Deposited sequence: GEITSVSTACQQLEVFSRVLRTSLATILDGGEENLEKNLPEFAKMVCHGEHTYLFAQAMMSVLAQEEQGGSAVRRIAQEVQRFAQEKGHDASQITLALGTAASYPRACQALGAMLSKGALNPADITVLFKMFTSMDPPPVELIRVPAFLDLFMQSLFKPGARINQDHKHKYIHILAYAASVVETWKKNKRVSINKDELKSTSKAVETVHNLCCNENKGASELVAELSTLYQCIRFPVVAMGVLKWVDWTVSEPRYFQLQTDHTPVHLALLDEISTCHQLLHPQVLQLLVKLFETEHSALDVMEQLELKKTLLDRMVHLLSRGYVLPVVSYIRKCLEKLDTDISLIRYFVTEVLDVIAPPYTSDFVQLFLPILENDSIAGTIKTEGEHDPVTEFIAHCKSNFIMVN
């Protein structure tokens, strides 16, 4: 409810510490669903200065050491590291000093360079490649940095792109290595390295990479069966999701008769960890002002985007999806589109329902209740559910 300037909140360490404590509490409460809202209010404070960034990241690293739920703080720290990156702040020096990355001179050097520049160069890629091919490769956790892996996404699956054919296998291998290789440790000593899945994963990435850069895609439908099989690899599904994003999000795309969106249903079915990104994309395309499209074309397109949400919902990502439809209803979107979402959802769901679902789906039902599965759902809820306190 109260507002505060960034400068004031950072001037006193005492004051900054208190806001950090409540902000972090809120983000941990909001879960991954409300992450996109609760994050920037914290990140803006933390990224005010390099010293403020240092202190907050030191606090988050210590919390991340907790066996029970410490991973959730590591997520928050990575979200903030991305905020700094997108605002032109270089936080690679801090990120590497923050962990055990500095324990390996050569690799940490090459990794920090690329993280500072924000792109992948063949020089530092070869240095990493040779080391992971040797009899004694560095810990795989070193190349499993979100900021690093993303650089591969925009270099391998982005419409384009500038890349060297004599180095392409090195880019693919390092990515596939980060995605599939499994190490075993005992008392901080690495016992074995499992590379069984490295061959098939590397092939999956290489296959889809060749398809994406090609485009024209009209050849996509022909190799769809191969494409679906590769999507089962999470690293590949991320790539396809990003590729579909860059393809569709770019203006002057909707002049065709859409296979790009159809792939999203396969992504959702295979990978629950990608559901909040799939939805994030679907709501980005749902709120775009298509000035080049015809009115009837805008309506059907939005219906198409809703069909993706209903599919996503049917994969077990229901509460955040239902929540979004209620938000644009109470606050814009025409009534016909909201009624279509209700119709389609009520056509595939059945009791028992949880109270958490009813608490969100019943209110959206009784705002403009004129449309029988609707009244039957209301009758069920009235019979089987109770308000407390």
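Missing from the model, by position in the deposited sequence, are residues 217-218, 260-263, 338, 379-387.
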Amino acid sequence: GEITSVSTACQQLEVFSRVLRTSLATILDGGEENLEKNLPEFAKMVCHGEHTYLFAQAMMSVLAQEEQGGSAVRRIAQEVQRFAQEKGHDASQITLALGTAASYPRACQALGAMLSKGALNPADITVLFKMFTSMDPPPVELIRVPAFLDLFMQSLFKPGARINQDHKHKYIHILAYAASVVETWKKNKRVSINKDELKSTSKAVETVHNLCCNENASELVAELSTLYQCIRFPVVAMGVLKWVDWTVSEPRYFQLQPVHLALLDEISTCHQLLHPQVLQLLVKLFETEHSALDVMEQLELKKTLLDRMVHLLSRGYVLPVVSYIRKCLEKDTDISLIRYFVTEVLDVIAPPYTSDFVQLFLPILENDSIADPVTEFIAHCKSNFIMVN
From here on, numbers count along this sequence of modelled residues.
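The mean Cα B-factor in the deposited entry runs higher for 292-300 than for the other of 311-319 and 292-300. On average the C-alpha atoms of 157-165 have higher B-factors than those of the other stretch, with 157-165 and 239-247 being the two compared. The residue among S23, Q11, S17, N367 whose C-alpha carries the highest B-factor in the deposited model is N367. Taking the deposited Cα B-factors for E197, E266, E219, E206, the highest one is held by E219.
In this PDB entry, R82 carries a Cα temperature factor that places it within the middle third of its chain's modelled residues. Among all modelled residues in this chain, the alpha-carbon of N121 has a temperature factor (C-alpha) in the highest third. Annotation for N214: CA B-factor lies in the highest third of the chain's modelled residues.
Compared with the other modelled residues of the chain, the Cα B-factor recorded for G99 ranks in the middle third. The entry lists a Cα temperature factor for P351 that places it in the middle third of the chain's modelled residues.
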